[PDB]
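Q: Below is a structure I'd like to ask you about.
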Amino acid sequence: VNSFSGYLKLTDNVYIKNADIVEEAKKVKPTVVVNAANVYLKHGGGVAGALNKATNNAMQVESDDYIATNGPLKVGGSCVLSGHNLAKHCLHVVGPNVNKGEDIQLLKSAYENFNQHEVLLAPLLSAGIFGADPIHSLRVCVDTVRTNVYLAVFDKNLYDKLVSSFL
Ligand SMILES: C[C@H]1CCC(=O)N1Nc1ncnc2[nH]c3cc(F)ccc3c12
Ligand SMILES: [Cl-]
């Protein structure tokens with residue numbers, strides 16, 4: 001048992017809710033919140049801008065030190081950093097950005113990072129400003145992640161479409 005509340009169960013291990021991931025994280029304080037990161041950990045907008053804003057820019061300060069030491073992430077890759085006031089840890093995962101021409105095939109590799117964590121609160125990778133089809137992202141999530149994932153979908157119209165079209 002865990003404290004995630006109000007989720008619809010899609011599969012044995014995937015759950016979904018119409019929610020603002022920032023407010024969800026602040027309420028639950030999960031072990032892991034997933035950020036929709038880019039390879040530079042520049043948290044300017046979308047989910048990343050919102051998570052970073054909620055940390056009062058502490059996420060960005062930590063991220064800049066990470067990049068200065070390690071260089072950029074790979075598309076499809078991830079790193080574990082602090083969750084600050086939102087979670088114990090933040091798993092920064094880079095899904096392909098279709099608006100940059102990145103290979104959508106890398107979305108499966110991106111979701112594989114979730115399997116290193118038993119339970120996660122996460123957005124749909126490559127959705128939103130990353131330009132992929134969220135219906136597709138949900139399908140890849142369900143067919144790739146084997147650990148327990150609680151998906152937060154900000155947009156109510158999208159949430160309803162994702163549920164109603166789910167196979
Ligand atoms: C990933 C895409 C897929 C459909 C959707 O709603 N997306 N975004 C979110 N998903 C969950 N929580 C969020 N909080 C946010 C705060 C922001 F400033 C901007 C975006 C989000 C957001
Ligand atoms: Cl977004």
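Residue names in the structure tokens use chain letters A, B, ... in the order shown, residue numbers from 1 in each chain, and ligand numbers from 1 in the order shown.
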Please, which residues have at least one atom within 12 Å of an atom of ligand 2, using only C-alpha atoms and all ligand atoms, listed as a PDB file with N, CA, C and O atoms, in the first residue's frame?
A:
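Ended up saving to out_26.pdb:
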ATOM      1  N   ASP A  20      -1.846  18.134 -11.477  1.00  0.00           N
ATOM      2  CA  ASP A  20      -0.631  18.920 -11.621  1.00  0.00           C
ATOM      3  C   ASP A  20       0.467  18.200 -10.850  1.00  0.00           C
ATOM      4  O   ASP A  20       0.368  18.052  -9.628  1.00  0.00           O
ATOM      5  N   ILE A  21       1.500  17.734 -11.562  1.00  0.00           N
ATOM      6  CA  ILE A  21       2.539  16.925 -10.929  1.00  0.00           C
ATOM      7  C   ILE A  21       3.211  17.675  -9.782  1.00  0.00           C
ATOM      8  O   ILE A  21       3.649  17.061  -8.802  1.00  0.00           O
ATOM      9  N   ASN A  35      11.255  14.111 -13.693  1.00  0.00           N
ATOM     10  CA  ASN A  35      11.256  15.344 -14.469  1.00  0.00           C
ATOM     11  C   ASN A  35      11.393  15.041 -15.953  1.00  0.00           C
ATOM     12  O   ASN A  35      12.164  14.160 -16.358  1.00  0.00           O
ATOM     13  N   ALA A  36      10.646  15.795 -16.760  1.00  0.00           N
ATOM     14  CA  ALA A  36      10.770  15.806 -18.217  1.00  0.00           C
ATOM     15  C   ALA A  36      11.931  16.727 -18.594  1.00  0.00           C
ATOM     16  O   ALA A  36      11.756  17.899 -18.946  1.00  0.00           O
ATOM     17  N   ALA A  37      13.142  16.181 -18.500  1.00  0.00           N
ATOM     18  CA  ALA A  37      14.374  16.938 -18.641  1.00  0.00           C
ATOM     19  C   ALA A  37      14.827  17.007 -20.094  1.00  0.00           C
ATOM     20  O   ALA A  37      14.402  16.224 -20.945  1.00  0.00           O
ATOM     21  N   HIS A  43      15.912  23.837 -17.071  1.00  0.00           N
ATOM     22  CA  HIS A  43      14.521  23.586 -16.696  1.00  0.00           C
ATOM     23  C   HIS A  43      13.676  24.838 -16.943  1.00  0.00           C
ATOM     24  O   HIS A  43      13.203  25.508 -16.024  1.00  0.00           O
ATOM     25  N   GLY A  44      13.465  25.132 -18.218  1.00  0.00           N
ATOM     26  CA  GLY A  44      12.889  26.414 -18.583  1.00  0.00           C
ATOM     27  C   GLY A  44      11.378  26.473 -18.658  1.00  0.00           C
ATOM     28  O   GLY A  44      10.774  27.524 -18.400  1.00  0.00           O
ATOM     29  N   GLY A  45      10.759  25.367 -19.046  1.00  0.00           N
ATOM     30  CA  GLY A  45       9.333  25.363 -19.301  1.00  0.00           C
ATOM     31  C   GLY A  45       8.776  23.961 -19.229  1.00  0.00           C
ATOM     32  O   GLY A  45       9.487  23.000 -18.931  1.00  0.00           O
ATOM     33  N   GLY A  46       7.490  23.843 -19.523  1.00  0.00           N
ATOM     34  CA  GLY A  46       6.838  22.564 -19.392  1.00  0.00           C
ATOM     35  C   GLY A  46       6.898  22.065 -17.967  1.00  0.00           C
ATOM     36  O   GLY A  46       6.960  22.844 -17.010  1.00  0.00           O
ATOM     37  N   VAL A  47       6.891  20.735 -17.827  1.00  0.00           N
ATOM     38  CA  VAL A  47       7.005  20.108 -16.515  1.00  0.00           C
ATOM     39  C   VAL A  47       8.269  20.572 -15.798  1.00  0.00           C
ATOM     40  O   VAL A  47       8.245  20.845 -14.596  1.00  0.00           O
ATOM     41  N   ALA A  48       9.399  20.609 -16.508  1.00  0.00           N
ATOM     42  CA  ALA A  48      10.667  20.952 -15.861  1.00  0.00           C
ATOM     43  C   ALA A  48      10.650  22.380 -15.300  1.00  0.00           C
ATOM     44  O   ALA A  48      11.096  22.604 -14.166  1.00  0.00           O
ATOM     45  N   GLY A  49      10.161  23.374 -16.086  1.00  0.00           N
ATOM     46  CA  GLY A  49      10.059  24.738 -15.577  1.00  0.00           C
ATOM     47  C   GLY A  49       9.189  24.811 -14.341  1.00  0.00           C
ATOM     48  O   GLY A  49       9.491  25.551 -13.408  1.00  0.00           O
ATOM     49  N   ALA A  50       8.091  24.047 -14.324  1.00  0.00           N
ATOM     50  CA  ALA A  50       7.173  24.079 -13.191  1.00  0.00           C
ATOM     51  C   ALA A  50       7.786  23.422 -11.955  1.00  0.00           C
ATOM     52  O   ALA A  50       7.699  23.963 -10.849  1.00  0.00           O
ATOM     53  N   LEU A  51       8.414  22.248 -12.118  1.00  0.00           N
ATOM     54  CA  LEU A  51       9.085  21.611 -10.978  1.00  0.00           C
ATOM     55  C   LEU A  51      10.186  22.507 -10.428  1.00  0.00           C
ATOM     56  O   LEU A  51      10.290  22.711  -9.214  1.00  0.00           O
ATOM     57  N   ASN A  97      12.753  14.984 -28.118  1.00  0.00           N
ATOM     58  CA  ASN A  97      11.983  16.190 -28.412  1.00  0.00           C
ATOM     59  C   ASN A  97      11.742  16.237 -29.917  1.00  0.00           C
ATOM     60  O   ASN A  97      12.658  16.515 -30.698  1.00  0.00           O
ATOM     61  N   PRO A 123       5.352  12.302 -15.278  1.00  0.00           N
ATOM     62  CA  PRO A 123       4.583  12.768 -16.429  1.00  0.00           C
ATOM     63  C   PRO A 123       4.767  11.796 -17.590  1.00  0.00           C
ATOM     64  O   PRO A 123       5.654  10.935 -17.578  1.00  0.00           O
ATOM     65  N   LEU A 124       3.933  11.965 -18.613  1.00  0.00           N
ATOM     66  CA  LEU A 124       4.147  11.241 -19.861  1.00  0.00           C
ATOM     67  C   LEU A 124       5.359  11.816 -20.582  1.00  0.00           C
ATOM     68  O   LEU A 124       5.386  13.003 -20.924  1.00  0.00           O
ATOM     69  N   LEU A 125       6.360  10.975 -20.821  1.00  0.00           N
ATOM     70  CA  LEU A 125       7.578  11.432 -21.470  1.00  0.00           C
ATOM     71  C   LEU A 125       7.299  11.850 -22.903  1.00  0.00           C
ATOM     72  O   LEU A 125       6.499  11.233 -23.618  1.00  0.00           O
ATOM     73  N   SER A 126       7.990  12.899 -23.327  1.00  0.00           N
ATOM     74  CA  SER A 126       7.954  13.462 -24.666  1.00  0.00           C
ATOM     75  C   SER A 126       6.619  14.116 -25.005  1.00  0.00           C
ATOM     76  O   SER A 126       6.453  14.594 -26.125  1.00  0.00           O
ATOM     77  N   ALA A 127       5.684  14.191 -24.062  1.00  0.00           N
ATOM     78  CA  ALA A 127       4.418  14.877 -24.281  1.00  0.00           C
ATOM     79  C   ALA A 127       4.606  16.384 -24.093  1.00  0.00           C
ATOM     80  O   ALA A 127       5.720  16.886 -23.911  1.00  0.00           O
ATOM     81  N   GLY A 128       3.508  17.127 -24.153  1.00  0.00           N
ATOM     82  CA  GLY A 128       3.592  18.560 -23.953  1.00  0.00           C
ATOM     83  C   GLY A 128       4.508  19.198 -24.977  1.00  0.00           C
ATOM     84  O   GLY A 128       4.477  18.869 -26.171  1.00  0.00           O
ATOM     85  N   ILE A 129       5.369  20.105 -24.500  1.00  0.00           N
ATOM     86  CA  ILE A 129       6.233  20.869 -25.394  1.00  0.00           C
ATOM     87  C   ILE A 129       7.308  20.025 -26.066  1.00  0.00           C
ATOM     88  O   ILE A 129       8.011  20.535 -26.951  1.00  0.00           O
ATOM     89  N   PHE A 130       7.463  18.748 -25.680  1.00  0.00           N
ATOM     90  CA  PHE A 130       8.382  17.864 -26.393  1.00  0.00           C
ATOM     91  C   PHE A 130       7.780  17.308 -27.686  1.00  0.00           C
ATOM     92  O   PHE A 130       8.496  16.665 -28.459  1.00  0.00           O
ATOM     93  N   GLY A 131       6.490  17.523 -27.940  1.00  0.00           N
ATOM     94  CA  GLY A 131       5.946  17.371 -29.273  1.00  0.00           C
ATOM     95  C   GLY A 131       5.473  15.992 -29.688  1.00  0.00           C
ATOM     96  O   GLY A 131       4.987  15.853 -30.819  1.00  0.00           O
ATOM     97  N   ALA A 132       5.602  14.971 -28.842  1.00  0.00           N
ATOM     98  CA  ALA A 132       5.133  13.648 -29.232  1.00  0.00           C
ATOM     99  C   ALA A 132       3.632  13.506 -28.965  1.00  0.00           C
ATOM    100  O   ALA A 132       3.007  14.306 -28.263  1.00  0.00           O
ATOM    101  N   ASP A 133       3.058  12.460 -29.543  1.00  0.00           N
ATOM    102  CA  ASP A 133       1.656  12.122 -29.317  1.00  0.00           C
ATOM    103  C   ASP A 133       1.507  11.496 -27.935  1.00  0.00           C
ATOM    104  O   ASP A 133       2.084  10.429 -27.688  1.00  0.00           O
ATOM    105  N   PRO A 134       0.783  12.128 -27.000  1.00  0.00           N
ATOM    106  CA  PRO A 134       0.666  11.544 -25.649  1.00  0.00           C
ATOM    107  C   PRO A 134       0.012  10.172 -25.619  1.00  0.00           C
ATOM    108  O   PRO A 134       0.317   9.376 -24.726  1.00  0.00           O
ATOM    109  N   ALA A 152       0.769  11.568 -13.809  1.00  0.00           N
ATOM    110  CA  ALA A 152       0.011  12.799 -13.636  1.00  0.00           C
ATOM    111  C   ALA A 152      -0.108  13.498 -14.984  1.00  0.00           C
ATOM    112  O   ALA A 152       0.906  13.792 -15.628  1.00  0.00           O
ATOM    113  N   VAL A 153      -1.341  13.756 -15.404  1.00  0.00           N
ATOM    114  CA  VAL A 153      -1.642  14.429 -16.663  1.00  0.00           C
ATOM    115  C   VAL A 153      -2.314  15.757 -16.329  1.00  0.00           C
ATOM    116  O   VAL A 153      -3.415  15.778 -15.764  1.00  0.00           O
ATOM    117  N   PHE A 154      -1.649  16.861 -16.678  1.00  0.00           N
ATOM    118  CA  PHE A 154      -2.128  18.186 -16.281  1.00  0.00           C
ATOM    119  C   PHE A 154      -3.446  18.553 -16.958  1.00  0.00           C
ATOM    120  O   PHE A 154      -4.340  19.128 -16.324  1.00  0.00           O
ATOM    121  N   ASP A 155      -3.566  18.253 -18.247  1.00  0.00           N
ATOM    122  CA  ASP A 155      -4.680  18.714 -19.066  1.00  0.00           C
ATOM    123  C   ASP A 155      -5.863  17.753 -18.947  1.00  0.00           C
ATOM    124  O   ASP A 155      -5.744  16.570 -19.283  1.00  0.00           O
ATOM    125  N   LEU A 158      -7.026  16.153 -22.246  1.00  0.00           N
ATOM    126  CA  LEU A 158      -6.101  15.096 -22.639  1.00  0.00           C
ATOM    127  C   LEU A 158      -6.273  13.860 -21.763  1.00  0.00           C
ATOM    128  O   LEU A 158      -6.296  12.732 -22.269  1.00  0.00           O
TER     129      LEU A 158
END
Q: DSSP on the backbone: what in region 14-155 of chain A comes out strand (DSSP E), as a VMD selection string?
A: chain A and resid 14 to 18 32 to 37 78 to 82 89 to 94 119 to 122 148 to 153
Q: Where does DSSP see alpha helix (DSSP H) in region 60-124 of chain A, if you list the residues as a list in words?
A: residues 60, 61, 62, 63, 64, 65, 66, 67, 68, 69, 70, 106, 107, 108, 109, 110, 111 and 112 of chain A
Q: I need the residue nearest ligand 1 from this list: A:19, A:81, A:91, A:86. Use only C-alpha atoms and all ligand atoms for the distance.
A: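 Looking at the shortest contact to ligand 1, the residue is A:19.
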Q: Just want the 10 Å neighbourhood of residue 30 (chain A), counted on only C-alpha atoms, with same-chain residues fewer than 5 positions away dropped. Output as a list in words.
A: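 Surrounding residues, per the criterion: residues 2, 3, 4, 24, 25, 83, 86, 87, 88, 89, 90, 119, 120 and 121 of chain A.
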